[PDB]
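In the form deposited in one PDB entry, a lone chain appears below as structure tokens.
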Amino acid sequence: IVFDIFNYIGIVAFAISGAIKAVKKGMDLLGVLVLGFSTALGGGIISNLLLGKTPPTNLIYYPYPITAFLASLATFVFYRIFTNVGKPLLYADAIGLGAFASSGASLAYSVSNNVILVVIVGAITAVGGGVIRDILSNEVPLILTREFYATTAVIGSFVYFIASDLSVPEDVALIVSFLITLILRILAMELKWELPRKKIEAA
């Protein structure tokens, strides 16, 4: 019924996180807002396009862009208090990651019963916004470099596909998908999990 709470925590947490980056980058108030809006809602917009769902929910359904704008605006005005809440924002981010991977995997599944589309599009909904943020910041996106965000959303999206394939009801599929994303994200944060690199000595 009210999975909106997890979504709204995600929109707020992702907007704050994007807005903080924008400030640290030196962007003016519009950039802070655009950075926050993209981090929280750009994944969803990309997936709508990939799936042919026009116009995109996050530009149409008033409370989502309203929330992201206010959350970004509040991070700007009160940036002194917001930038010192390190551990709580990390956990809220993990909540948004799990809500967004589940949601987008759900939307992809309703378009095709296809494991590749569902895993990729679920993962784009969760981490696509931060990729936009990082390209707008003139940086190599974080998910290509370090941490363990996108991998967890990949595994979460795949869990949703398997549940639905095994005829698990939708809402149960969402919760389990959300909860496994959240477990793997917390293991990764605390254990400092990383994917392997190639170490090449330079001549």
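Quick note: we count residues from 1 along the sequence shown, nothing fancier. Just so we're on the same page, rigid core means the largest C-alpha set that superposes within 1.5 Å between forms.
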Which of 72-80 and 127-135 has higher mean CA B factor, as the PDB entry lists it:
72-80
Hey, which bit's got the bigger mean C-alpha B factor in the entry, 98-106 or 81-89?
81-89
Quick one: classify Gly36 as lowest, middle or highest third of the chain based on its Cα B-factor.
lowest
Where the record places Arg185 (Cα B-factor, split into thirds across the chain):
highest
Could you place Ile9 in the lowest, middle or highest third of its chain by Cα temperature factor, using the values in the record?
middle
Chain thirds of CA B-factor: placement of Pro56
lowest
Relative to the other modelled residues in the chain, which third contains the C-alpha temperature factor of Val168: lowest, middle or highest?
highest
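One more form of this protein should be noted, the form deposited in another entry, which is absent from this view; the next part is about it.
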Superposing on the rigid core, which residue among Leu51, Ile155, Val34, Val176 shifts its Cα by at least 2 Å between the shown form and the other one?
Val34
Would you say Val85 moves between the shown form and the other one, meaning its CA shifts by 2 Å or more once the core is fitted?
yes
C-alpha of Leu107 off by 2 Å or more between the shown form and the other one on rigid core:
no
Using the core for the fit, does the CA position of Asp165 change by 2 Å or more between the shown form and the other one?
no
Using the form shown as baseline, tell whether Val85 and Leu187 are closer or farther in Cα-Cα distance in the other form, where the change reaches 3 Å or more.
farther
Closer or farther: C-alpha pair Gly42/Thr83 in the other form, relative to this form, given a change of 3 Å or more
farther
